[PDB]
Amino acid sequence: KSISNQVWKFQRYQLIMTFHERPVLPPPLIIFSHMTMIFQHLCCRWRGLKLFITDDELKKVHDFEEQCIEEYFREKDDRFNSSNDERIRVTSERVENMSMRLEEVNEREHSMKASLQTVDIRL
Amino acid sequence: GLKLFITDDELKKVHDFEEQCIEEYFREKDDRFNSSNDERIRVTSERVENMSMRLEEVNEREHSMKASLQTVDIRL
Amino acid sequence: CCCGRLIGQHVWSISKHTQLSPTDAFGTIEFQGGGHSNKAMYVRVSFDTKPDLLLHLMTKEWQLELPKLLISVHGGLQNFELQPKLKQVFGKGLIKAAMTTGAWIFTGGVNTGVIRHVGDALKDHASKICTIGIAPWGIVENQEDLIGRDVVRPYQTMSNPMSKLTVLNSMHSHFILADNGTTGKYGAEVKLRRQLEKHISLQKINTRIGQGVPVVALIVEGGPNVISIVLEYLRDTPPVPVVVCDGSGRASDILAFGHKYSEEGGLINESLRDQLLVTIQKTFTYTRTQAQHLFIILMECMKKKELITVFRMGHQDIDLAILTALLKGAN
Amino acid sequence: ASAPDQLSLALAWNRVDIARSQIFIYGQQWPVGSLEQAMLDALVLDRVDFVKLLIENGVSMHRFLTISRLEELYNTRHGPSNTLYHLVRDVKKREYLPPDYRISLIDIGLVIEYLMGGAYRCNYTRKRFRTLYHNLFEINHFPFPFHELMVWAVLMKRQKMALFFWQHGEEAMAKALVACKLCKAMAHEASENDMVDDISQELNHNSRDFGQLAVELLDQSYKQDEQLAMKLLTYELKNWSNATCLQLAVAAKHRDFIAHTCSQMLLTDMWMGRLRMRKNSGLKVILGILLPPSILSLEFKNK
Amino acid sequence: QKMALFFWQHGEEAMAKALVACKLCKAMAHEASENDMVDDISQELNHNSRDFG
């Protein structure tokens, strides 16, 4: 029942492509339809979802598919970069960088402030 | 029985009450959106994006400031 | 020689004695290396040609429709560096404006300076937007690779670190080689680019919202030639607006620090004027004798402050300033 | 050392960043065929990043892949394990094996014919490819090298290489559906042998991942342009035995692909033919069948 | 839809407008499903009716 509608939409193709290939006349009158298609086949020989695209349309379809590939990958990358786990990881890595940068700034600005105080004293 | 035909002044009071309810509902929705964890994580990551660059600029130009202070202390 | 080439490598008329020959070097470039493969057409054009033939070429012979914007990328020639998200914001705003307006980007073309930032901006785009480059023919690396009529010549990103010649940016969609007959010398592309930009601006657009096809010139860093072309742009007919992007130093920082404290152009106080003169003389190491000349050229620029637009970063990309200048310089 | 030796050392270390920073620098004098040999070595040892870097440095993949190169790629054992030997042995037993047997292109084409099933016919087993193989073992090259590289990467369990070769080239949804059917077919063949559950589960996961790729690509094509999505779904793929993407999805038993709105409205427009009298139908169809004058009161789609 | 939300924000008789919009959206969803059209448009109309509700 979780896949009932998917199974129905799957069997829709089977019935549609089955009943497209059947002759027009019902099963009793398939004899007449077989005689008409056999007469057409003998006249042509003894005397629906397969659109055969041209070369330029094939190139346009290929370019459309390549564009769809690129926007799908850009959307996947943007969804990965906007998720909470990647944001938490990049924030923790950045704060790892900041704690060291602020510690260096403080530990060397102490020497800068001491040098400024000594220069103000010796002036 | 459930079709009380209100007067004009009561209609104005009901309309003002509905407008107030609209405004407090939208303020509550905005406050709930601004207090959720995803918006907080997004705004925190954008702020730390700003801070890393600001701290890098402060360090890279304070190095020149400290070198200038050391040179001024040497030439005095 | 005076043309800079080897003494035996031979084969304006003032000291170079040139003769006008038919063109031979035009076709397509197959960019191998540097990531993605990109095809970019090229036509070698003399520096003294008429711009209407270049217009006919760019409309009919190149299958490029007329744009709604001309985003020029005039900047510093030598290679510089920027803040990382300043470059990222500038690149994202540039590609956003370029896809919203369908613009032609008139970037310099040789891979040094602000052109290196524009090619990095197209890496952020990564997937139309013409990038017609106007670089001199004599400065390009592997000139012998570029010879050949209608031939898809291979062009590697082979850049020798000590060579004077500069390889092109591989991510430009189109190219134009300004040939004055010499090699390794700049200035062969400037006048052709200016007359081409004015010939673009004289062509009437289909919408005709403003005055033909509008032009927006973007400036990052630059020397005194940047100030000279800013004066040439502001005093032009029509007066094309100029966006400058500060935070980069050089002439753009001087222009922005003036423009924040200029009021009615020449309404600058004495201490700020002396500070601007001493930063011109010392911070960018110009001569103090020409500092006053650069100051009055700056004031002649500043007499038309309604078209100069700046960009202070601090979200809020440069496309805002580009579209603001587009609405400003449109009449 | 020379640059092929440096690149072989970087391939052995599995450090693509060192090769990008140092080896692929300016001034390098690469010999003739050294980059093609480095590409072959990066392919057989499952180094997707080195293959990416070499493509970014231009090995000319259309010129590199020949018949002998793909035969050496199929016959190699310089990487992860695969079920290709068992499938080749099974199709050789079904057609009618030494341990030093060389897997010909005809044999692995029979492997795609057996795994694909139904009326599928591989390009290798055709008469033109058989006469090319008999006369030689850009005539020996491939017009779509990423197709056969996709097929090679799927058939020897190289998943990340199969994703990379899905990223590059054309006919992407056809490649995704073919990869999904091939992966599920090898999963069913491993489960019919009732082998280890890890390898069969990995093959089923590969088939589900390729099916999810096909579904997402169909969703993107539906979001961009509906008519071009119809043309992408219905056009005849000459390199996949003249099938369509819908037929490859049905052969793959992919319920999520056909349950998409694009293929469903395609099947609905195919189902009613040239008839636009299609609101609360069924009863109108029965009334038109029983009453031949009732057809004239029905709406019909124009040509 | 977004224009309908904006016009819901502005004016009076807001709950009447929301209920009328919900009934109209569900009615067009049922009319599209009675034609058995594409599932995306009918699902979007049902989602619009649920949002207004």
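Colleague: How should I be thinking about the overall build of chain E in this particular structure?
Modeller: Scanning chain E from terminus to terminus reveals three helices and zero strands. Going from N to C terminus, chain E has its helices and strands arranged as α-α-α. If you line up chain E on its principal axes, its C-alpha atoms span 35 × 15 × 10 Å.

Colleague: Help me understand the overall build of chain A, please; the structure alone is not making it clear to me.
Modeller: The helix and strand tally for chain A stands at four helices and zero strands. Helices and strands in chain A line up, N terminus first, as α-α-α-α. Over its C-alpha trace chain A gives a radius of gyration of 37 Å, far above what one expects of a compact globule, namely 14 Å for 123 residues.

Colleague: Please explain the interface of chain A and chain D as it appears in this structure.
Modeller: The interface of chain A with chain D comprises 28 residues on the first partner and 37 residues on the second. Put simply, the parts of the chain that give the side of chain A that touches chain D at least two residues each are helix 1 (4-21) and helix 3 (55-82) of chain A. At 13 residues, the largest contribution of residues to the side of chain A that touches chain D is made by helix 3 of chain A. The class makeup of the residues in the side of chain A that touches chain D is 16 nonpolar, five polar and seven charged.

Colleague: Any chance you could explain the packing of helix 1 (residues 51-61) of chain C against helix 4 (residues 190-202) of chain C here in plain terms?
Modeller: Between two packed helices, what matters for the description is the angle formed by their axes and the separation of those axes. Residue and element names in this part refer to chain C. The interhelical angle for the contact between helix 1 and helix 4, taken along N-to-C directions, is 65°, at an axis separation of 9 Å. Between helix 1 and helix 4, the angle is such that the two are roughly perpendicular. Regarding helix 1 and helix 4, the two cross each other, and that crossing is right-handed. Counted together, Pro51, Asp52, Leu54 and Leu55 of helix 1 and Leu192, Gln195, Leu196 and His199 of helix 4 form the full contact between these two elements. Among the residues making up the contact of helix 1 with helix 4, the classes are represented as five nonpolar, two polar and one charged.

Colleague: I'm lost on the packing of aromatic side chains in this one. Help?
Modeller: Given two aromatic rings, one states the distance between the centres and the angle between the planes to describe the pair. Seen from their ring centres, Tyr72 of chain A and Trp166 of chain D are 6.1 Å apart, and the 80° between their planes marks the pair as edge-to-face. Here the residue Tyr72 of chain A occupies a position in helix 3, and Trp166 of chain D occupies one in helix 11 (residues 159-167), the pair thus bridging two chains. When the centroid spacing of 5.1 Å and the interplanar angle of 45° are considered together, the rings of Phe164 of chain D and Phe165 of chain D count as tilted. An aromatic cluster is present here, built from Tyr72 and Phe73 of chain A together with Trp166 of chain D joined pairwise through their rings. Sitting above the plane of the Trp137 of chain C ring, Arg44 of chain C keeps its charged end 3.6 Å from the centroid.

Colleague: Whenever I open this one, the pattern of salt bridges confuses me. Can you help?
Modeller: Close approach of charged atoms allows side chains of opposite charge to pair. Residues and elements named next belong to chain B. For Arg27, the salt bridge identified is with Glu24, shortest N-O distance 3.0 Å. A residue pair is termed a helical-turn pair when its members lie 3 or 4 positions apart in one helix, as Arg27 and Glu24 do in helix 1 (residues 8-35) at three residues. Residue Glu46 is joined to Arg42 by a salt bridge in which the shortest nitrogen-to-oxygen separation is 3.2 Å. Of the two residues, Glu46 and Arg42 are both situated in helix 2 (residues 37-74); the distance of four residues between them amounts to about one turn of the helix.

Colleague: How do you make sense of the sheet that holds strand 2 (residues 38-46) of chain C when you look at a structure like this?
Modeller: Think of a sheet as strands paired side by side through backbone hydrogen bonds, with each pair either parallel or antiparallel. All names here are of chain C. Reading across from one edge, 5-7-2-1-6 is the order of the five strands in this open sheet, with mixed pairing throughout. In the strand order of this sheet, the two ends are held by strand 5 (132-136) and strand 6 (149-155), each with one partner. Direction aside, neighbouring strands of the sheet carry axes that sit 25° apart on average. Where strand 1 (residues 26-31) and strand 6 come together, six bridges link them in parallel fashion. Directly across from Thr28, in strand 6, lies its bridge partner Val152.

Colleague: When you look at helix 2 (residues 84-101) of chain C in this model, what are you seeing that I'm missing?
Modeller: In an α-helix, one turn spans 3.6 residues; hence positions three or four apart end up facing the same way. The first and last C-alpha atoms of helix 2 of chain C sit 26 Å apart over 18 residues, in line with the 26 Å expected at 1.5 Å per residue. At the exit of helix 2 of chain C stands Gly102 of chain C, carrying a positive phi of roughly 65°.

Colleague: How do you make sense of the pairing of strand 8 (residues 215-219) of chain C when you look at a structure like this?
Modeller: The side chains of a regular strand alternate between the sheet's two faces. Residue and element names in this part refer to chain C. By the bridge criterion, three bridges tie strand 3 (residues 70-72) to strand 8 in an arrangement that is parallel. Paired with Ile71 across the two strands is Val216, which belongs to strand 8. Inspection of the sheet shows strand 8 paired to strand 9 (residues 242-244) by three bridges, in the parallel sense. Each residue of the ladder has a partner; that of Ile219, found in strand 9, is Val244. In terms of handedness, the path from strand 8 via helix 5 (residues 224-234) over to strand 9 forms a crossover that is right-handed.

Colleague: Is there a simple way to explain the sheet that holds strand 9 of chain C in this structure?
Modeller: Residue and element names in this part refer to chain C. Pairing in this open sheet of five strands is parallel, and the strands run 4-3-8-9-10 from one edge to the other. In this open sheet, the two strands that pair with only one neighbour each are strand 4 (104-106) and strand 10 (308-309). When strand 9 meets strand 10, the two strands line up parallel, connected through two bridges. Note that in strand 10 the partner of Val242 across the bridge is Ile308.

Colleague: Can you walk me through the packing of helix 8 (residues 105-116) of chain D against helix 9 (residues 127-134) of chain D in this structure?
Modeller: All names here are of chain D. Contact geometry for helix 8 and helix 9: axes closest at 10 Å, N-to-C directions at 155°. By the angle between their directions, the pair helix 8 and helix 9 is classed as roughly antiparallel. Residue-level inspection shows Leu105, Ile106 and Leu110 of helix 8 in contact with helix 9, the latter providing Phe129, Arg130 and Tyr133. The residue makeup of the contact of helix 8 with helix 9, split by class, is five nonpolar, no polar and one charged.

Colleague: Whenever I open this one, the arrangement of the chains confuses me. Can you help?
Modeller: No other pair of the seven pairs of chains in contact has as many contacts as chains A and D. Of all C-alpha pairs spanning chain B and chain D, none lies closer than 25 Å, and the two are not in contact. As for chain E relative to chain A, no contact occurs, and the smallest C-alpha gap between them is 12 Å.

Colleague: So what exactly am I meant to see when it comes to unusual backbone geometry here?
Modeller: Most peptide bonds are trans, and most residues other than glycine sit at a negative phi. All names here are of chain C. Cis peptide bonds are those with omega within 30 degrees of zero, and the linkage from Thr237 to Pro238 qualifies with 5°. Along the chain, the position of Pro238 falls in the loop between helix 5 and strand 9. Phi is positive for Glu263, which is not a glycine, with a value near 55°. Examined against the element boundaries, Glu263 turns out to sit in the loop between helix 6 (250-260) and helix 7 (270-283).

Basis of the calculations
- Residues numbered from 1 in each chain as written, not as in the entry; some residues may be left out.
- Chains lettered and ligands numbered in written order.
- Part of a larger assembly, values for the part shown.
- Heavy atoms only, no water.
- Residues with missing side-chain atoms left out of burial classes, pairs and counts.
- Helix = DSSP H or I, 4+ residues; strand = E, 2+ residues; numbered from the N terminus.
- Rg over C-alpha atoms; globule rule 2.2 N^0.38 Å.
- Contact = heavy atoms within 4.5 Å.
- Nonpolar A, V, L, I, M, F, W, Y, C, P; charged D, E, K, R; others polar.
- Axes fitted to C-alpha atoms, helices over the stretch in contact; angles between N-to-C directions.
- Parallel < 35°, antiparallel > 145°, perpendicular 65-115°, else oblique.
- Left-handed = near helix turned anticlockwise from the far one by under 90°.
- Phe/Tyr/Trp six-rings, centres within 6.5 Å; stacked < 30°, edge-to-face > 60°.
- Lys NZ or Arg CZ within 6 Å of the ring centre and 35° of its normal.
- Salt bridge = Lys/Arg side-chain N within 4 Å of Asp/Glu carboxyl O.
- Pairing = 2+ DSSP bridges.
- Expected span 1.5 Å × (residues − 1).
- Right-handed = clockwise from strand over helix to strand, strands pointing away.

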